[PDB]
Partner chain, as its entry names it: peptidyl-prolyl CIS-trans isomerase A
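A single chain comes next, written as C-alpha cells; it is the form deposited without its partner chain.
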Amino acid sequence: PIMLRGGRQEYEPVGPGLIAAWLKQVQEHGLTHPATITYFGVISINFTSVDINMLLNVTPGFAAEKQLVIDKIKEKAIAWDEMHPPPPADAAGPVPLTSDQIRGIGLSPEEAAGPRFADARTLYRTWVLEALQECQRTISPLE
C-alpha cells in the first residue's frame, strides 16, 4: 500500500499480519460472502495493483468462486482494451494505459507504486470490487 509518512507518500508491501487476517476472513466466511467483499473494500484502499494481486493469489481454495471473479476481471479488461487502443511509444503524457498495465502485469512492486500508475491502481481496485460484487453469494444457514 501507499501511505503518508512524515508528510510524504511511501510504499510498503502488504504485511504478514494483514495477509493472515485476510486469509482468516476468507476461510471463516467465504471469498464472495458479502462481509468478505466489504472487508476487501476496506483493506484495499491505496493498494497498488501488485498488492491486490498478492492478496488474490495467496488465497487458497474457493477455486470455483475465485475463477468466476477472475473471469469477470478478464471480461472488464477485454472490454477496456477494445475501447482504448495503446498509443505510440513517445506520445505526449499523461499516457493512458493498457489493461495489462492497469492489472499490474509485469510490474515490479516499486513500478506499480509510481505516479504513472496512481489512477490505474484505483481503477484496478474498482474492477476487482465490481467483479466480487457481481459474484456475491446469498447468505445461507450456517452449521
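Positions refer to the first chain, counted from 1. In this text, the rigid core denotes the largest set of C-alpha atoms whose superposition between the two forms falls within 1.5 Å.
Note that the form solved in complex with its partner chain isn't included here; everything after this is about it.
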*Can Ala92 be called a contact residue for its partner chain in the bound PDB entry at 4.5 Å between heavy atoms?*
yes
*Contact test in the bound PDB entry: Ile105 vs its partner chain, heavy atoms, 4.5 Å*: no
*Closest heavy atom of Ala118 to its partner chain in the bound PDB entry, within 4.5 Å or not?*
yes
_My question is simply whether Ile78 lines the interface with its partner chain in the bound PDB entry - judged by any non-hydrogen atom within 4.5 Å._
no
_Residues of 83 to 105 having any heavy atom within 4.5 Å of its partner chain in the bound PDB entry, listed in sequence order_ = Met83, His84, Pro85, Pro87, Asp90, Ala91, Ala92, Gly93, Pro94, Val95, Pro96, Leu97, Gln101
*Would you mind telling me which residue of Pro87, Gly114, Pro109, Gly41 shifts its Cα by 2 Å or more between the shown form and the other one when the core is superposed?*
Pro87
